[PDB]
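> Build me a model from this:
(chains A, B, C, D, E and F, ligands or ions: 2)
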Amino acid sequence: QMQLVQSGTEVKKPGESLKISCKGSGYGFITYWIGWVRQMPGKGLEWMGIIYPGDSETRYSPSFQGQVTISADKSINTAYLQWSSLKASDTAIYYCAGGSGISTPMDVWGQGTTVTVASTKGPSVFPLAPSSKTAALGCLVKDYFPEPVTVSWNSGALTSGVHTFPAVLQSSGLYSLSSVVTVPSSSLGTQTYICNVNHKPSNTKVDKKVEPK
Amino acid sequence: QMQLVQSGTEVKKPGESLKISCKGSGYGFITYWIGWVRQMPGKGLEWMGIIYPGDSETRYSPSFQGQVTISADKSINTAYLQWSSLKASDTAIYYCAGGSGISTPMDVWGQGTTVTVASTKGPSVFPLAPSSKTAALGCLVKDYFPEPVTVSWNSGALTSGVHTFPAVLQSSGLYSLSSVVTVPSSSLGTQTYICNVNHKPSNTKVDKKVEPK
Amino acid sequence: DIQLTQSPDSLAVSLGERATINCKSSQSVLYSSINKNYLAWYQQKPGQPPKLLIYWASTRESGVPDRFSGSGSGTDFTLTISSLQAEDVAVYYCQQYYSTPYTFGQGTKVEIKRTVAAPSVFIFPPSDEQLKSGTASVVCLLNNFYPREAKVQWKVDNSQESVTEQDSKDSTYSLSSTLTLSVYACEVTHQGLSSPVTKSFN
Amino acid sequence: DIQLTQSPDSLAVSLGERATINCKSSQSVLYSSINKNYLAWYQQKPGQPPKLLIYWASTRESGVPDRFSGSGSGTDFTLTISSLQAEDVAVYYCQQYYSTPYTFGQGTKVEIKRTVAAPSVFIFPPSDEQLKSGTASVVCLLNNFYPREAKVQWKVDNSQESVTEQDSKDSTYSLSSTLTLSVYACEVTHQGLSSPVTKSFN
Amino acid sequence: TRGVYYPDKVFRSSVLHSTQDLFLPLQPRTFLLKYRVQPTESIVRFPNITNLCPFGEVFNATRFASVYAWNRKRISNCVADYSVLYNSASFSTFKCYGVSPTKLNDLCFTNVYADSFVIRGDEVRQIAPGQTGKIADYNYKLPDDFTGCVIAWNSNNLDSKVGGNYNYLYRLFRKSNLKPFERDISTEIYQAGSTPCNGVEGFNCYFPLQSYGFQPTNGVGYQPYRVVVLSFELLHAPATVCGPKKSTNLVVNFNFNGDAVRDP
Amino acid sequence: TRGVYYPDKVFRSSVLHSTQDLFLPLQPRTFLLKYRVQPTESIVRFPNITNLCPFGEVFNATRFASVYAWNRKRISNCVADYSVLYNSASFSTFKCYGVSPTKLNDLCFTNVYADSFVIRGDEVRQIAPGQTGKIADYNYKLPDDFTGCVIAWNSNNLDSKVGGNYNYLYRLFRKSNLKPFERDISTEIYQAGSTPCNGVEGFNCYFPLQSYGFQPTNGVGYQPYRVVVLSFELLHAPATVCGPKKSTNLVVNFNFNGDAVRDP
Ligand SMILES: *[C@@H]1O[C@H](CO)[C@@H](O[C@@H]2O[C@H](CO)[C@@H](O)[C@H](O)[C@H]2NC(C)=O)[C@H](O)[C@H]1NC(C)=O
Ligand SMILES: *[C@@H]1O[C@H](CO)[C@@H](O[C@@H]2O[C@H](CO)[C@@H](O)[C@H](O)[C@H]2NC(C)=O)[C@H](O)[C@H]1NC(C)=O
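Numbers count the residues shown, from 1 in each chain, chains lettered A, B, ... in the order given. Ligands and ions are numbered 1, 2, ... in the order given. Shown next is the structure:
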């Protein structure tokens, strides 16, 4: 069983040209028909194309026929998926999977590489106050594009009862996200709360205290 | 000025695959756009295609678009014209000619290679008798396919007044041809006449005497 | 060219109970020469590539535990988990590999089931910072509630809803309803809770 | 996409006389940037590849003798041979090389001219061999006749005609008319010959 | 009724599970657990690990036949090991439509036919299900549904005489296409026109067979590729080809070569 | 009226031919043959065979500009020799639309402009009349009718720092296409949506310029190709560029640099 190692994660602006490599390592790699599959966020898989390394016979899908180009290089055992001009709807995760013949289920799957196409906007973090009269407290990240934002509580010291909610895109486009912890009313006075918001595309690392009002 | 040397003469049966090479020899061959031209028997030239050696940009003609394939090999400075399945109408002479740029007249012309597609049928040579009452005599080649038939008189000794007439195709397809010499009535008695008909495709070499009846 | 269908979409069963998933094909995918159905079943866990589970719709790949069984014929195929365990919550895909292109299934999400719970409600008003920007946002927090059959209504004298995934240790959800606006109350209706609850802040 | 036209097709002039050939294009082939007409004139001799003669329709390639001149503008172009010689009998092609594809001219055949001649007629019947096969063939031979304005009629109580190319040393033709059939006479009408001639064999 | 333990560890609830384990009536027996002679032994017998298939006499041979009359061979009653897939020698192609060679070993097949011929470099593609060319119309035609493995490799040194190996021929002109796996070896004179020429090879009458031009100083496209096409079929009596698997003694549960059976 | 010989040898008949030869009124004069001061000398003067065009300062330079703001140079009053066409150094391409470089030498041109820039390996094709791409829409646009010569070569060693030569940039987002040979060097913030973001490069507002990633351990397709585009024009006063030709003395027939003219 020969494993497949993928090239890596690329972030690109609209209008560029993008080449993704699938590398095949292992013995017996004389008959593996490489195929590509794309998973959009939180959706089902959609098969794209299949190429035989070497001979280079290439079969496509009707939806994707001609949008992208699948090519193979036999000497180093690689498969390339190329976009001539990627749009802003191509943000998704791509998996290269290798079958052993035509009409054979795909059994060896590469890790997969995400693609993000967008313009970075940093996160405005605002802390909610715990109601004066257990009780809950948390800080509310807003207007951050694109996903993801990492919210770590007290440099990772606190982990019990920490609810992190998936980002929901409202009209402006910029997703919002709220993370809330539950604390008994005994530790409210003494224990200090610092949420750490990391947005790497905008390179914004903020440490914001949660204050009881 | 770099000269072009053509590959040579090929005779093929219908249904085959045919590759013709144009070889370019000489200094300065960094910008010569090779082009191909076909001359059907006794007709005007008809331009077919033009390819740049290297980059391999290929421009075709509407009539021939997709019938043939023009490719170039840069390392050895060659151009290839290929037929996937040549028919019986492709018998003609082909010239490769090299321009110095786009929108430039073609000045260096290769010798050219004829192509013949047909089934060989040998020649029936029959000698006409000179009328009893100068006078003319000659032997009449019939039912020979395809062209050409070489008629040599007395192993080339006699050359004055030897009329050779171009072959005319009658209904059967097999062209006929008559060669006639004019001899004064003094040498009729003594000089012997032997016409030598050579049809190389059928490998038929015949020596037939002309007899006064 | 031969679209598939799966059912049911989301199924909840208790630990140790059976689980049946049905895949339906447009046309029979039986190869005449070998008389073998061409259809496979895949398992995907959140955040990882899928894994082969059943090929030819009757044979198991090496290492797969006996619990997973595959049956069916003609166009109708099913995957049966004789007894579900704590590791099988996942999404299952049925794929036909007869002729290109290879269509995939919609995907079935298998989750476990617990007894009804009642959600302790919370309410957070906007801070001083939210006010300055010009877009106040109030939020109401349901916590530790099973099942997801509920509904939050805001009360004043434009909203979104973020539901979290099942908590692994104990299968309880947590719903956050948020109101964005340029007596403020949250009222929650849930099946287990007999009387809709009210949280108001003056 | 821009077809050309030439005229005249066949022209006969004497040695040392002028020769004018006209090429007409569908649309003007003038390049705005350099203001140069894009059109070339080619010479082809029987049995050899063509040779460039004039490019840009006004300039001569190296080694071409002065005799050959090219003129014209707009769509109308002409090639003038001030004095023809014994080496210029050939076929001339006008080609436009403005935009692909490159169309070619029909081709003009230039041949010399001599004074009228009278053809000594011949007649050959079929041999004994022709009879056995089943297709007798009789032939009549015109020789050394200028010009090619003539006509052979067979007389009995299905034909072909083979005319040879101009004899190089003296410009005289030779026509062979042949009759294929499963008092046999050949009668020839030619302009120079006052009375149609008759050759019959009993 | 004492000593019923927990056979497995999979947590079950309210599902009656029939199990075949060792219990106290320790002895093997089957039980029903609430949340007739029982086979006392299980034996398996596959062919001895010797007597391999003659893959050598198909792959490593002195001369392969021409494509117009290919060579067909039937190998059976062997333990085929499929070590050929590794490129131990030169192996340009390995397609294997319909069946995975990797997992092929574990299965027991019937009479895998091998077809061997020599073809030109370009036309190797035409050996596929659903191809349209001179090879796949008049010489060798593959069924639409194919469950086999196409193997092609290059041997320029054995098939390229400096004069030219003209002993390899193929059929060019035929009346109609070939039904799957039909070998039509004939030397008639093709009547391409309404000329009854009675085998004289004259005008409008050709000869169907025509040689191959092979030269060492020639391009890759026009080179001699030797080909072997493995075809696996399975109908009945699968006691023939069976991938290598160890066996036990003979004395019950039985597994013979995957009412009367002959011990291999 | 004595001594009229046969000037030429071309056989003529009944064609009056005006000829300029030496006859007896020996002296040069013009005659009409039946089948005013005459220019006594012919002189030609072309620029001295020195002072060549600085082809070096265009081809062999330390740094070429980026494609968004290419470098334009005007060379004039030189004897250009066109020995560049020989691949004395590496020369991947040589197209020369509209004019033959071989026969170009004999002609006298006006101010052949040279344009120099650096582009990526794939996009070299886009430098042609009638191309549609990011280069030939927002960076450098060629007129439909082109009478010049595109020269591109590869220099991996000068433009590939192991860290990466990121100092080469190109324009990505523009409002409208470029009129032929227009250089728009600007650093505004492209408004891609109805967000008046006042140069903050926020959501829906990008930056048009974006660097090139160049690495030595990279594919041929993504490599740095240096390009130079020769553009020949001819309007009036052709006394500038003129291919090497010898000259004679000055004293008549005259040929000056191909009512008042300045001797070069
Ligand atoms: C044809 O001959 C070659 C050359 O001997 C065989 O290649 C050998 O195969 C054995 C099988 O295990 C290996 O141990 C050797 O190392 C191989 N030799 C090499 C790689 O040089 C080949 O196997 C033969 N054909 C068949 C079908 O067995
Ligand atoms: C750029 O530099 C190279 C290297 O010197 C030049 O190549 C030389 O050109 C001269 C011109 O006659 C030749 O005599 C040399 O033999 C060449 N050197 C070689 C081939 O190694 C090149 O000409 C220079 N660029 C220009 C425009 O002149």
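> Can you give me the domain boundaries for the chain?
Reading this off chain A. A:3-117, A:124-210 (automatic domain parsing).
> meant chain E, my bad for not saying
When chain E is cut into domains by automatic domain parsing, you get E:1-38, E:56-233.
> The helix or strand residue C:142 falls within pairs with which strands, and in what direction?
Secondary structure assigned from DSSP states H and E places residue C:142 in strand C:136-143. The sheet places strand C:136-143 alongside strand C:120-124 (antiparallel), strand C:175-181 (antiparallel), with pairing taken from DSSP bridges.
> could you pull out the strands for chain E?
Listed in chain order, the strands found in chain E under DSSP state E are E:17-23, E:27-33, E:42-45, E:71-75, E:93-94, E:110-120, E:148-154, E:169-171, E:190-191, E:205-206, E:209-211, E:224-233, E:253-256.
> So what are the sheet partners of the fifth one and their directions?
Pointing back at strand E:93-94 there. According to DSSP bridges, strand E:93-94 has these partners: strand E:148-154 (antiparallel).
> from chain A, which residue is nearest to chain F?
Using CB to the nearest CB, the point where chain A gets nearest to chain F is residue A:121, with a distance of 4.1 Å. Any C-beta I mention is one placed from the backbone N, CA and C, and that applies to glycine too.
> what's that residue in contact with, if anything?
With contacts defined as CB atoms under 8 Å, 6 or more residues apart in numbering or on different chains, residue A:121 is in contact with A:143, A:144, A:145, A:174, A:202, F:202, F:203.
> Could you tell me the end-to-end distance of stretch A:66-86?
End-to-end distance of stretch A:66-86: 13 Å, with CA to CA, to the nearest Å as the criterion.
> Name the residues of it that are buried.
Neighbour-count burial for stretch A:66-86 flags A:68, A:70, A:72, A:77, A:78, A:79, A:80, A:81, A:83, A:86 (criterion: 16 or more other CB atoms under 10 Å in any protein chain shown).
> Kindly report the same for stretch A:107-114.
Of the residues in stretch A:107-114, those buried (16+ other CB under 10 Å) are A:107, A:108, A:109, A:110, A:112, A:113.
> End to end on stretch E:10-22, go ahead and measure it.
Chord length of stretch E:10-22, first to last residue, is 18 Å (CA to CA).
> Contacts (any at all) between chain C and that stretch?
Yes. For stretch E:10-22, a contact with chain C is found by CB under 8 Å from any CB of the partner chain, at E:10, E:11, E:12, E:13, E:14, E:15, E:17.
> Would you reformat these as TSV and include neighbour count?
Converted to TSV, these look like this (neighbours: other CB atoms under 10 Å in any protein chain shown):
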residue	neighbour count
E:10	15
E:11	12
E:12	21
E:13	11
E:14	10
E:15	13
E:17	15
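> Now for those: which two are most distant?
E:10 and E:14 (13.9 Å; CB to CB).
> picking that back up, can I get the CA coordinates of the strand holding residue C:142 in CSV?
Listed in CSV are the C-alpha atoms of strand C:136-143, where the atom choice follows Å, rounded to 0.1, in the frame of the first residue of the first chain:
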residue,chain,number,x,y,z
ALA,C,136,-25.7,46.9,19.6
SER,C,137,-26.0,43.1,20.0
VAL,C,138,-27.8,41.3,22.7
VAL,C,139,-27.4,37.5,23.1
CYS,C,140,-29.4,34.7,24.9
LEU,C,141,-27.7,31.4,25.8
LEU,C,142,-29.4,28.1,26.1
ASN,C,143,-27.0,25.5,27.6
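> sorry, back to before: please list which of the residues of stretch E:10-22 next to chain C are also close to chain F.
Restricting the residues of stretch E:10-22 next to chain C to those near chain F - CB under 8 Å from any CB - leaves none.
> So residue C:67 is in contact with residue C:83, correct?
Yes. Counting by CB atoms under 8 Å, residue C:67 touches residue C:83, with 6.1 Å between them.
> Looking at the two, which has the bigger crowd around it?
Neighbour count, other CB atoms under 10 Å in any protein chain shown: between residue C:67 and residue C:83, residue C:83 has more, with 20 against 16.
> Grab the nearest non-local neighbour of the more buried one.
Distances taken as CB to CB, 6 or more residues apart in numbering or on different chains place residue E:12 nearest to residue C:83, at 4.5 Å, with adjacent residues excluded.
> what does the stretch 1-150 of chain E have sitting close to ligand 1?
E:55, E:56, E:59, E:60, E:84, E:88, E:89 (CB under 6 Å from any ligand atom).
> From those, keep the buried residues only.
For those, a neighbour count by 16+ other CB under 10 Å gives the buried set as E:55, E:59, E:84.
> Distance-wise, check the closest residue in space to the last one that isn't next to it in sequence relative to chain C.
Closest residue in space to residue E:84, ignoring its immediate chain neighbours: residue E:55 at 6.2 Å, by CB to CB, 6+ apart. Using CB to the nearest CB, to the nearest Å, one gets 22 Å for the distance from residue E:55 to chain C.
> how close does residue E:55 sit to residue E:88?
Plainly put, residue E:55 is 11 Å away from residue E:88 if you go by CB to CB, to the nearest Å.
> Repeat that for residue E:238.
Residue E:238 sits 28 Å away from residue E:88, going by CB to CB.
> Run a quick neighbour tally on residue C:171.
The number of residues packed near residue C:171 is 17, by other CB under 10 Å.
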